[PDB]
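Next comes just one chain, in structure tokens: the form deposited in one PDB entry.
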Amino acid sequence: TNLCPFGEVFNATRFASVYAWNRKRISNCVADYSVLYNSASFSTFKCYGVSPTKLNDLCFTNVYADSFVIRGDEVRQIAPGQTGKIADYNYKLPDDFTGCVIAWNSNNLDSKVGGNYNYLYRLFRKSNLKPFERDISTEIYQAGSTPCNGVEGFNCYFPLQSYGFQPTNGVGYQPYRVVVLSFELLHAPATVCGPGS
């Protein structure tokens, strides 16, 4: 009876910025996915490569829980084959993704009267992200011929920008917490299984 520390991920008091998205490896434990999948708390719960109802009977070598906060209208970007600043520069899912994307509105936690500017995202990158790649660099983005040499100015832009989370905003601009579960089946003993495995 080792249950998986999902509450540590789903109920964590603070979430990471999407550009520095948190990853937690889940290993050597019993996981009840039924409770998550059947919870009305999650407005988004779309799986790729797996049936959610079948999870309670499967075993996996490992499970990863990636978490971050984005804007409501950016949740659509957390899916295979999407484009946009979030999919391109912050968090990319492979075309062969095997896992589930979970999201719920966090306006009551991540909004502050006057704007919460603690959650950041990457707006500039010379290059798209590879699937599951993380880029936490803060080098000035050189958009021109001239080098920036660590000073911001014309064509020399800081690569991260802050979200403005105000409780007044429309739903599309409110913060959403997102948890992406990936299911890995490697040539090794499976350590994560559902209760009815």
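Under this definition, the rigid core comprises the largest set of C-alpha atoms superposing within 1.5 Å between the forms. The first residue of the shown sequence is 1; numbering continues from there.
- When 83 to 91 is weighed against 109 to 117, 109 to 117 comes out higher, by mean CA B-factor as recorded in the entry.
- Relative to its counterpart among 7 to 15 and 177 to 185, 7 to 15 has the higher mean temperature factor, C-alpha atoms as listed in the PDB entry.
- Highest C-alpha temperature factor among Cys47, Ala31, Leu160, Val69, as the PDB entry reports it: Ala31.
- In the deposited coordinates, the residue among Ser43, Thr53, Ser27, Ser137 with the greatest CA B-factor is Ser27.
- Among the modelled residues of its chain, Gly153 has a C-alpha B-factor that falls in the lowest third, as given in the PDB entry.
- In the PDB entry, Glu74 places in the lowest third of its chain by CA B-factor.
- Ranked by Cα temperature factor within the chain, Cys59 sits in the middle third according to the deposited record.
- Sorting the modelled residues of the chain by their CA temperature factor places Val35 in the middle third.
- Ranked within its chain, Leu129 lands in the middle third, by CA B factor from the PDB record.
This protein has a second form, the form deposited in another entry, left out of what is shown; the following refers to that one.
- In a rigid core superposition between this form and the one not shown, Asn149 is the single residue of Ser41, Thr53, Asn128, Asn149 whose Cα is displaced by 2 Å or more.
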